[PDB]
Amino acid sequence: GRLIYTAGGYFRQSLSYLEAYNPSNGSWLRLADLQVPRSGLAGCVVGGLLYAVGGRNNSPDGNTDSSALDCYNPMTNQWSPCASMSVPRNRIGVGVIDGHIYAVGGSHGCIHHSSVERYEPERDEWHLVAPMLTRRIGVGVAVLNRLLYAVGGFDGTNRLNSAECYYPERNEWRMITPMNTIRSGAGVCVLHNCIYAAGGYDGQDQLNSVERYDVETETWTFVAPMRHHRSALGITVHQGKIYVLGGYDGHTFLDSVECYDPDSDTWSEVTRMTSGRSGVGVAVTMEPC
């Protein structure tokens, strides 16, 4: 697409912001608020529509985990409700395969989900699939070669360096090589043939380290670290580069947006969000009207 969309997030309370960043010219646009404030959600794009999935409304009025799926049409600049998931999923991960959205893990109160469900836009309907082998909240999710990966997170008792892979034609989950680092609330994405895991929380510290999984060799290798330690960051890929957005560094809710160039193995700061925040959902699609 053309723009990096950031939805929701958290600073003092859950937020309703939708804003879109244009890497070509450095500009930010403020777009139509989410109907319901939510942090800990995930964003993804199917057929040019942007989707916001799950999360939680942390508010003075109270705290409500979200089963919601909402859809934003850049042409109209309007949000519409879509079918809700079977269960609320705060701190969810999502991935898209063959036009279908997979919702993975997340929490509902003290329940840490291993369950997974799949949305079909053509029918506006969700169906459960096989659960992960591990309960995971704050899980990173990415798709590569039409396989779905769940990376890290928190199972209820321990933060995790473990990861696993879902094979749709077999409806089966299998463990892959674990990361070299425990990461909960990291940013996970795909670039070229590798699954990237940036930042997160290892139980004691927010991380600036980044590592990547080569599906051919099944090994994790560290690359250059981010300039800022971050957990609960947003992440996405745009024209061959990874962008990380916001997060919490142990002291400040970050407005920093960093960009990773894999040919030079360097990060640089490319812009700042209009306000520091963590727990955003991020995806890339066309510019609005």
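Position 1 is the first residue in the sequence shown; the rest follow in order.
Student: I need to verify one thing: averaged over C-alpha atoms only, is the B-factor higher for 63-71 or for 23-31?
Tutor: Comparing 63-71 with 23-31, the higher mean C-alpha B-factor belongs to 23-31.
Student: Output the stretch having the higher mean C-alpha B factor in the entry; the candidates are 72-80 and 133-141.
Tutor: It is 72-80 that shows the higher mean C-alpha B-factor.
Student: Lowest, middle or highest third: where is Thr252 by C-alpha B factor in its chain?
Tutor: It falls in the top third of the chain.
Student: By the recorded C-alpha temperature factor, relative to the other modelled residues in its chain, which third is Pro225 in?
Tutor: Ranked within chain, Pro225 CA B lands in the middle tercile.
Student: Classify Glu117 as lowest, middle or highest third according to the C-alpha B-factor given in the PDB entry, relative to its own chain.
Tutor: As the PDB entry reports it, the C-alpha B-factor of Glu117 lands in the lowest third of its chain.
Student: Quick check on the deposited entry: does the C-alpha B-factor of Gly152 sit in the lowest, middle or highest third of its chain?
Tutor: It falls in the middle third of the chain.
Student: If you rank every modelled residue in this chain by C-alpha B factor, which third holds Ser231: lowest, middle or highest?
Tutor: Tercile = middle for this residue's CA B-factor.
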